[PDB]
Each structure stands twice: as C-alpha cells, then as structure tokens.
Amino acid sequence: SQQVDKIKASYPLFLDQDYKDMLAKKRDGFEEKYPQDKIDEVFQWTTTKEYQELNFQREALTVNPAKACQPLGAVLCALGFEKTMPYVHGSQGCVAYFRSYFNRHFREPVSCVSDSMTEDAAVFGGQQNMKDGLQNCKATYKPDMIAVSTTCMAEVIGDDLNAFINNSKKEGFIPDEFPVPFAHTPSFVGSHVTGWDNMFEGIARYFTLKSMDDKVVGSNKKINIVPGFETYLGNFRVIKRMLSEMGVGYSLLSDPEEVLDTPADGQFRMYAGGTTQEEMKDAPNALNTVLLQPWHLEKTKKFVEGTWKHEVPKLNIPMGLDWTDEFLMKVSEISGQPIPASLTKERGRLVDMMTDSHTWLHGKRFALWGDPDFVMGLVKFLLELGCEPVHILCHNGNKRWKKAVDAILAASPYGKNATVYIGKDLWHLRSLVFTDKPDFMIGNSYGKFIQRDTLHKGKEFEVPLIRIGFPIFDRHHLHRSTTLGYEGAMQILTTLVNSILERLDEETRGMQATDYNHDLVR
C-alpha cells in the first residue's frame, strides 16, 4: 500500500507489515534457510582470530579485491589527450564495464569504443576488427587521435597490435599519419595502474622515438608532469595551480580534468581540453620530467630516462607536508624559480591547522587501502598528524614498495604498531578490523560493507569508513576533492578531525547517559 502524499521507496516500503509477513512466509516455506542461531554463530566465527588465520592462508580465492584490470587505466590515460578516443581492441563487454565504472565515480560521460571481437576472431585473430574498427571510429566520432589498448581475449590469442594497425594504414582504412598509439594491456598482469603506465609509455614512444635527433634536453625550459592514474579533479588542478603561481613552465602530460568536468549548458561535449599532440612531441625538450605517482610509472620512467635522457628526480607523490615541500624545492631547483610567498604562507596555514587539531587526531588508529602511491602518501601524512596507520593494505602493491613503506613507518614512533599488506584484499581487511579494531577506515566505497559487518557485531565494534580513494560511488561529487599538496593535506586533515568529532558527538548524544560530554566547543 502507498499514501499518495508520502510515497515510500524500497526503504522503507518493505518494512510495512504486509511485506514483513510476506517475506517471512517466502523464507520459511521455500528458502530452506539455515536457522538464525547458526547464522549468528558463523558470523561470530568470522570475526575471530581463528577465522583470520584461515582467511590469511588463502592461495587461490580472492574475495572483495581492491584493484581493477589494466585496460581501465589505459582508458583513463587516453582520455587525458586532446580529442582522443580510447579504443580497446578485443571484446565489447569490457568497454561497457570500463565506461560504467568511471561514469559512476565521476558522474560524467565516459567515451570509449571497442572493436567487438567475437568467437569468430578467437580462431582467426582480430585484424579485420582493427581495420573496420579504426575506420568506423574515426569517421563516426571524429577524434584527432585513437589510443589503442587490449582486453584479455586479444592478449590470450596474441594479436599483434602493431602489425594490425600498420595493416589498417597500409590498406587504407585510416590515413598513414593518423595518430594511433597502442599498448598491450593484459588484465592478468598487474592492475589498472599498470594499464595506465603501459598506455602512457605507448603514447610517449609513438610521438618521440623517431624524432629524437632534434631534441635538446632543456630547450623549451618546461618541466613535464606525468600524473599517473588519477581520479580526483582537484589533484590535476592543484599541481597546475601551484606550478603556475610559482611561475614554472610545465607540461601536464595526459590531463583529463576538462573532459571529466564539462558544464551542463545544453551541449554534450565528447572531447574537451587534454594534452596536445604537439606537447607530446615537444616533451623531450623539457628540462626534466617529474613522475607524480612513481610506483606505477616504472615503464614510463625507463623510457623517459632511456630515450629522452631526463634525470627523473627521486620524488615521492606530493602528499603530506614533507613530500609537498620536497616537491616544491625540486621544482624550484630545476626551474630556477623561487617558491613564492603565497606557497610559503599556504604551507604555514596547513601547519596552523595541525597545531589546532592535533589533540583530537593524536594516536587515532586507522585501517586504509588503495593504490601504492596514494597509500604511502596517506601513511606519511597520518604519521605527520600523530596518527597510527595500523592496517595498511595495498592489493596491487609489490615487495619493493612494502619495503619503502616499512622504512617510512620505521622512522616514526607512530609507525610502531603498523603492518603493510601486499596482495591482500578487503575480506582479509575485514578480519583485521575485527581482531585489531582501529578507530576508522580510510577507503573507497567497498569499505561500506566492512563497516556494516563491524556494526553487526555491535555498536562498540563499528569502524566508520572515511571515503578517500577510488571508486567512490555512494556519495556525490567527492571526485572534485584534492588529496595532493598543502591543499589536499588541508582537506584530508579536515575530513579526519571532523570524522573523529562526528563520531564522538554520536557517542555522546545519549540524554542523561553520555551527553555529559556532548560539548558545544571542541
């Protein structure tokens, strides 16, 4: 039943008595459900140290992973170039999924095509698909560039991307000089970050490998900035803003920030902004190239150093106070630009916020996850805030990375109770927040299911999620936030203190019970 003035959606419609009754009958007759007492028993079992030890012995089953596959990152990389269509050669299922996943995170259109390889192509390869594909795409969506990646079908059957593209040119389907960089992006190797790295380096190679004879390291007096897999608009934005106010000439390779934020003014723009082909070609003439997310830009490093002959500075991701300082000073060094008074002050304001908020943040315990560069930057900042990064999980992290982070931890009394986990997933993490309960999780939206589980054990065991990372699907417009620089530090700091203070207000909102400590001033 519905009241026309007060219509109930699913919640709370199905709490209505007649539905409650209807669902009770459905269960008891037909579902053959395990009895609730057994359900409860198994649930408590799943919270134990005993369960954890078995959970951590998994070799074959992954449950609730905290990574995606390569071509996703390739697509994101590709969308960062001027009037470029991302093109994933292989089966279409993947493309529907890549587009949807980003559509949800950004709440924006996400344009990408497939060549739609089927069973037939599995036996005879995907050449004709590449031929008609490129031609069709070029004519229909009129990109200036088509950036090709692969799905696991195409990888497994071994299609030679290079030859296929070359034969499409030869055979007249696309002009010889139409830009078609490619990269092989196997889903069974690494993760989405790896896909970004491969794609970037394919595009870099495509535009520079032949032209190297006229290149003078430094002659355009710019610094190149390679962002990596980046899903916060504020991060692209803050890097540009800081470099500009410093008067540093720069060239943000692969920038998607316009095409991921296009005004609702009566038009759909398929393409917007992005790094120009001219910038990719001119890029070896830069003074140097800075990698913002070095732990997933290995191949890109090798190429930039090996072929462009740039001495890539050893900088961490510019997250937290120290790494933002190091970043600005390295940039100052290369550019000959001083760090302006405005940046010096912004940093001061940041440290101000730390002094004001330290008493609440002190010793707060966190479980956290995400990509390797993001996670270490956030570990770093937590330590600087006087917080303890107790559970640090990076599903797609590697052994060298785990060492680097363990060294960061080792240098702080706040790192003493922290453990880094590589190759582990969120169902592992769900055991860790039960058996060694932190105060908060810092994570992406998949974390909500862990909070729900902790809550179910009891209010006093609930670990609230603080949404930082990718993907964030169950809140709106957080993709517009910043996590890099002083600015990003200020935002994270505010989100953390305030999450702590909201939680305490919840805990002290009990009239005549806990309210004694429901202070107006904190």
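Don't overthink the numbering: it's just position in the shown sequence, from 1.
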Mean Cα B factor from the PDB record: higher for 97-105, or higher for 400-408? 400-408
The stretch carrying the higher mean Cα B factor in the deposited entry, 211-219 or 253-261, is 211-219
Of the choices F449, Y271, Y206, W323, which one's C-alpha carries the largest B-factor in the record? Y206
Residue of maximum C-alpha B factor among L76, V312, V193, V238, per deposited coordinates: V312
Can you work out whether the C-alpha temperature factor of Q17 puts it in the lowest, middle or highest third of the chain? highest
Quick check on the deposited entry: does the C-alpha B-factor of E177 sit in the lowest, middle or highest third of its chain? highest
The third of the chain into which the C-alpha temperature factor of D515 falls is the middle
Chain third (lowest, middle, highest) by recorded CA B-factor, residue given as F200: middle
Would the CA B-factor of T307 place it in the lowest, middle or highest third of its chain? highest
